[PDB]
């Protein structure tokens, strides 16, 4: 079979790295009238990726013909799958011609194909590296039109190019996008924002007087913690690295940060999504059985990730730590409700039930309507997440909630929900176990009604490391 033979020959051509032969075989298939499929085209795009950009001579056939091959695949109406977008992007990155990368995205659109975020990268980053703001803004407008949402690296590049070209309005808009989409910024974005506020352009941008009514109304309209009406005040910024105390008060200027509400409609949308996702991955009957059980139980003030409470910072499962956490949650519940403990059935009858009084206590919690033992093969994370979301209550876990399945939950609603609901344990020698409660304010870039900015840095563990903030306040 000829298409099956080209497959075999391109699979081999190449783990070897032979681009000149992959390009010979491509040309030969077309002289034989053998139709290249999705698989052939993808292998071919990957292999052309390995060509490198010629620093001395004019461009090599591998990269150069790679764009031709991509163009043809679309013309042929062969459907791109995830490997197509990845190899297409690798090729774009290797060539490092932002104009050619942007051409690839324009032709996807012309043929009704949805570009991916990684398709836009080599174009956007290419123009930003060249200081070409006008072209970077075109790419960004194109992304926005295709409903592709930028992440921090795209926003940071747009921020830097706006700073380089002295564009105060684009800086303002990008900073609002950082607030909306990212919330807390990486070290390098933080340093960038600090440079902005100390800069000459920042010093010289702003308004001495403004419609205070219009600001107040924008604050209500936006949901809280920003107004979006432009730079306010005049003159030099005082720009300090600082911290918030436990109540959200800036140690530099004493502004108390806002606690930003979550709209209950967004929460119900998210609960539906969460249920859909869990049922796609769990045995549906297992997850449904839990849903039905939960409808018949509670009320709950807290849901505990039992495996995480037994295991975090432990050489092996610690019933002491789980039980202490149960007792502590019950103590802080205004009506002394036991928390809902989610644990694997294998744990309810294995290592945590090793000692008879522990086993009797696990059974007592179950009999109090405060424990659900998830079935063999289940991923407990769906169960404790759904319970805390559904009961609108505290979620006790030290799980980071960022890898694997948690990526499916998105990077807007879920991080906001997590901040308001997640309780983590910490331990010290002097005191024992502590429950660390949600903050009374929102850890997000905030813009005050008078134009003052507070920008939080992102950190791995804000209980381990004290989170730094930037305070930017006009000196006059």
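Numbering follows the first chain given and starts at 1. Basically, rigid core = biggest C-alpha set you can superpose within 1.5 Å across the two forms.
Visitor: C-alpha RMS from this form in 7 other deposited structures of this protein, rigid core superposed: larger for 239-247 or 402-410?
Guide: Comparing 402-410 with 239-247, the one that moves more in 7 other deposited structures of this protein is 402-410.
Visitor: Does the comparison with other PDB entries of this protein show residue 225 lacking coordinates in a third or more of them, where both adjacent residues are built?
Guide: No; none of the other entries leave residue 225 out.
Visitor: Is it the case that, in at least a third of the other entries compared (those modelling both flanking residues), residue 350 has no coordinates?
Guide: Residue 350: unmodelled in a third or more of the comparison entries.
Visitor: On average, are the C-alpha B-factors higher in 227-235 or in 213-221?
Guide: According to the PDB entry, the answer is 213-221.
Visitor: Test of understanding: from the entry's C-alpha B-factors, which stretch has the higher mean, 153-161 or 358-366?
Guide: 153-161 has the higher mean C-alpha B-factor.
Visitor: If you compare 378, 87, 333, 203, which has the highest Cα B-factor in the entry?
Guide: Of the candidates given, the C-alpha B-factor peaks at 87.
Visitor: When you compare the CA B-factors of 27, 431, 449, 419 as listed in the entry, which one comes out on top?
Guide: The record points to 27.
Visitor: Lowest, middle or highest third: where is residue 253 by Cα B-factor in its chain?
Guide: For residue 253, the deposited C-alpha B-factor lands in the middle third.
Visitor: Among the modelled residues of its chain, does the C-alpha B-factor of residue 350 lie in the lowest, middle or highest third?
Guide: Answer is highest: the recorded C-alpha B-factor places it there.
Visitor: Lowest, middle or highest third: which one holds residue 454 when the chain's residues are ordered by CA B-factor from the entry?
Guide: Its C-alpha B-factor, which the entry lists for residue 454, ranks in the lowest third among residues of this chain.
Visitor: Relative to the other modelled residues in the chain, which third contains the C-alpha temperature factor of residue 145: lowest, middle or highest?
Guide: Highest third of the chain for residue 145's C-alpha B-factor.
Visitor: Ranking every modelled residue in this chain by its Cα temperature factor as given in the entry, which third contains residue 408?
Guide: Its C-alpha B-factor, which the entry lists for residue 408, ranks in the middle third among residues of this chain.
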